[PDB]
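Structure first, commentary second.
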Amino acid sequence: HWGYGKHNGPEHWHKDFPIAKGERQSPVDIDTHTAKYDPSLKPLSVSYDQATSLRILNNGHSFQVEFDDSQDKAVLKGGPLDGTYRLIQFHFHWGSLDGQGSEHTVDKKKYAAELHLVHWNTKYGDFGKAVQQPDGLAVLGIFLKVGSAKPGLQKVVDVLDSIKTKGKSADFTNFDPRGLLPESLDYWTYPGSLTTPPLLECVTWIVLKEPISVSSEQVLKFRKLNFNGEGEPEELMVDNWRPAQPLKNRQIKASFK
Ligand SMILES: CCc1cc2c(cc1OS(N)(=O)=O)CC[C@@H]1[C@@H]2CC[C@]2(C)C(=O)CC[C@@H]12
Ligand SMILES: CCc1cc2c(cc1OS(N)(=O)=O)CC[C@@H]1[C@@H]2CC[C@]2(C)C(=O)CC[C@@H]12
Ligand SMILES: [Zn+2]
């Protein structure tokens with residue numbers, strides 16, 4: 001099955017998933033000089049006050065914190081988006097070294113990690129139907145750099161010991177994702193895809209310009225997770241990022257001058 005190794009990594013994915021070579025694949029390099037300010041972009045609205053987390057899961061590629069999305073609680077609206085998108089989960093991508101790990105890049109710069117807050121367009125009724133639509137998902141991407149600790153991340157870091165291996169989960173209630181957000185909501189936006197198989201072209205990407213800082217110890221704990229299941233040979237969960245893909249016939253728009 002697909003993964004991030006030499007024999008099953010991103011350069012192999014197109015064999016099982018030919019859309020890997022499609023017209024709106026993600027991630028991309030954000031060329032800041034070529035991105036254009038768009039006055040038509042409505043204000044961006046991140047409303048997470050009623051977010052209800054449930055569980056944290058090692059999914060074999062990364063780890064994810066899942067939310068109760070059976071009601072309109074935590075939602076993303078505005079910006080480039082038409083309608084309302086509901087938060088279902090967040091997860092991260094990260095490196096084996098601080099100098100790599102992000103999926104998007106900014107003028108070719110790679111960050112240590114990238115947080116993805118995944119939301120689905122409520123007009124499609126549930127997540128599985130939404131991923132079949134060109135405007136089905138909105139993913140808010142946030143870069144992580146290594147510096148000061150992010151206090152709001154520590155509760156996540158400390159439960160990772162309980163989900164070391166693939167398929168392990170743990171209860172994870174009352175976690176507030178507002179503690180993972182930078183000060184500014186200035187962003188770049190473009191139409192793209194999921195960055196793992198099945199690589200569906202269903203995502204409006206909204207990538208924040210301002211990174212959050214996390215500590216070396218916090219990201220080190222990400223790197224102690226395992227891709228493997230319990231009782232299997234240990235494979236450290238690191239470098240679970242897809243590299244930048246061709247921009248093709250797309251323009252990246254900026255929310256800011
Ligand atoms: C990989 C594409 C895909 C993923 C998913 C579903 C359906 C999918 O499309 S498809 N075509 O049915 O396979 C349904 C459940 C989803 C799961 C992703 C992780 C989710 C969102 C959570 O965190 C909790 C609910 C989980
Ligand atoms: C649907 C959003 C999305 C979900 C997921 C990933 C990437 C995503 O796209 S992105 N990076 O936000 O564009 C990476 C790993 C995925 C995880 C969902 C649960 C999965 C499918 C499993 O159970 C095994 C693999 C797990
Ligand atoms: Zn992701």
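We use all heavy atoms of the structure for the numbers below, so side chains are in, but hydrogens, waters and symmetry mates are not. Index from 1, following the sequence.
- Here the closest heavy-atom approach between residue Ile56 and residue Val156 is recorded as CD1-CG1, 4.3 Å.
- Taking OG1 of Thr195 as the reference point, atom NE2 of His93 lies at 4.0 Å (rounded to 0.5 Å).
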Name every donor-acceptor pair, under 3.5 Å, that has one atom in a side chain of residues 142-154 and the other anywhere in the protein, sequence neighbours excluded.
residue	atom	partner	partner atom	Å
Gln154	OE1	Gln218	NE2	3.0
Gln154	NE2	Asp158	OD1	3.0
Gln154	NE2	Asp158	OD2	3.3

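- Following chains of ILVMFWY side-chain contacts shorter than 4.5 Å, one cannot reach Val75 starting from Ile88, and the two form parts of different hydrophobic clusters.
- Hydrophobic clustering, with ILVMFWY side chains joined whenever heavy atoms are under 4.5 angstrom apart, groups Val157 together with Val65.
- Under the 4.5 Å side-chain heavy-atom criterion for ILVMFWY residues, no single connected hydrophobic cluster contains both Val118 and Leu57.
- Residues passing the side chain to side chain donor-acceptor pair (under 3.5 Å) test with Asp161, sequence neighbours excluded: none.
- Close placement of the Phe222 and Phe63 rings is indicated, their centers lying within 6.0 Å of each other.
- Residue-environment remark: NZ (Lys221) stays at or below the threshold of 12 foreign heavy atoms within 6.0 Å.
- Remark: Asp98 engages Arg223 in a salt bridge (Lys or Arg N to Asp or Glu O under 4.0 Å) (not counting sequence neighbours).
- Residues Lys123 and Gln133 are not in side-chain contact: their nearest non-hydrogen atoms beyond the backbone lie 4.5 Å or more apart.
- Centroid-to-centroid, the aromatic rings of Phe67 and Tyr48 stay 6.0 Å apart or farther.
- Neither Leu140 nor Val203 shares a network with the other; the hydrophobic side chains, linked directly or stepwise wherever heavy atoms of I, L, V, M, F, W or Y lie under 4.5 Å apart, form separate groups for each.
- A centroid separation of less than 6.0 Å is found between the aromatic rings of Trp205 and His104.
- Between the side chain of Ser26 and the backbone N or O of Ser193, at least one donor-acceptor pair lies under 3.5 Å.
- Checking side-chain atoms of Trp13 against main-chain N and O of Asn8 turns up a donor-acceptor pair under 3.5 Å.
- Taking 4.5 Å as the limit, some side-chain heavy atom of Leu137 sits within range of a side-chain heavy atom of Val131.
- For the side chain to side chain donor-acceptor pair (under 3.5 Å) test, no residue two or more places apart in sequence or in another chain qualifies with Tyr4.
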Please tabulate, one pair per line, all N/O donor-acceptor pairs under 3.5 Å involving side-chain atoms of residues 250-257, not counting sequence neighbours.
residue	atom	partner	partner atom	Å
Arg250	NE	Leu247	O	2.8
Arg250	NH1	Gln25	O	3.0
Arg250	NH1	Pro191	O	3.0
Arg250	NH2	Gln25	O	2.9
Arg250	NH2	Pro246	O	2.8
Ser255	OG	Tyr187	N	3.0
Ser255	OG	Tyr187	O	3.4

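- Counted by atom type alone, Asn249 and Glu23 present zero donor-acceptor pairs between their side chains at under 3.5 Å.
- Counted within 6.0 Å of CG on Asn174, heavy atoms from surrounding residues, nucleotides or ligands total 12 or fewer; the atom is thus considered open.
- Summarising the local packing, CG of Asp82 is surrounded by 12 or fewer heavy atoms from other residues, nucleotides or ligands at distances under 6.0 Å.
- Between the CG atom of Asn240 and the CG atom of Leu225 there is a distance of 9.5 Å, given to the nearest 0.5 Å.
- Taking OG from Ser169 and CG from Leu54, the interatomic distance works out to 11.0 Å, rounded to the nearest 0.5 Å.
- Counting only heavy atoms from C-beta outward, the side chains of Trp188 and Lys209 approach each other to under 4.5 Å.
- For the pair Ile206/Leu81, a side-chain contact is recorded, criterion being any heavy-atom separation below 4.5 Å from C-beta on.
- The cluster map of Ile, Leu, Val, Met, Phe, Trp and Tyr, joined by side-chain heavy atoms under 4.5 Å apart, puts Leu194 and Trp2 in different clusters.
- Looking at heavy atoms from C-beta onward, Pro27 lies out of side-chain contact with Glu114 at the 4.5 angstrom threshold.
- Put simply, the side chain of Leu87 reaches to within 4.5 Å of the side chain of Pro177, judged on heavy atoms.
- Qualifying side chain to side chain donor-acceptor pair (under 3.5 Å) partners for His14, counting only residues two or more places apart in sequence or in other chains: none.
- Of the inter-residue distances, the one linking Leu76 atom CG with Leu44 atom CG reads 5.5 Å to the nearest 0.5 angstrom.
- Residues satisfying the salt bridge (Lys or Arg N to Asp or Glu O under 4.0 Å) criterion with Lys77, sequence neighbours excluded, are absent altogether.
- Between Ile163 and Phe172, the closest side-chain pair of non-hydrogen atoms is not below 4.5 Å.
- No hydrogens or angles considered: a donor-acceptor pair under 3.5 Å links the side chains of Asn226 and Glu234.
- In this view, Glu210 and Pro182, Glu183, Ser184 satisfy the side chain to side chain contact (heavy atoms under 4.5 Å, CB included) rule, not counting sequence neighbours.
- Partners of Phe127 according to the ring-ring contact (aromatic ring centres under 6.0 Å, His included) rule, which considers only residues two or more places apart in sequence or in another chain, do not exist here.
- Looking at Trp120 and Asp69, their side chains do bring a donor and an acceptor atom within 3.5 Å of each other.
- With sequence neighbours left out, the ring-ring contact (aromatic ring centres under 6.0 Å, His included) criterion links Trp241 to no other residue.
- If you take OG1 on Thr165 and CD on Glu235, they are separated by 11.5 Å, rounding to the nearest 0.5 Å.
- Listed by first and then second residue, the side chain to side chain donor-acceptor pair (under 3.5 Å) pairs involving residues 54-65 are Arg55-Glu66, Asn59-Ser62, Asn59-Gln64, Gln64-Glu66, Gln64-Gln89 (not counting sequence neighbours).
- Counting heavy atoms of neighbouring residues, nucleotides and ligands inside a 6.0 Å radius, atom NZ of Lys248 exceeds 12 of them.
- The backbone N or O of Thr32 sits less than 3.5 Å from a side-chain atom of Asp107, completing a donor-acceptor pair.
- Within the 4.5 Å cutoff, the side chain of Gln245 has heavy atoms near those of the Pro243 side chain.
- Shown here are the side chain to side chain donor-acceptor pair (under 3.5 Å) partners of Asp68, two or more places apart in sequence or in another chain: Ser70.
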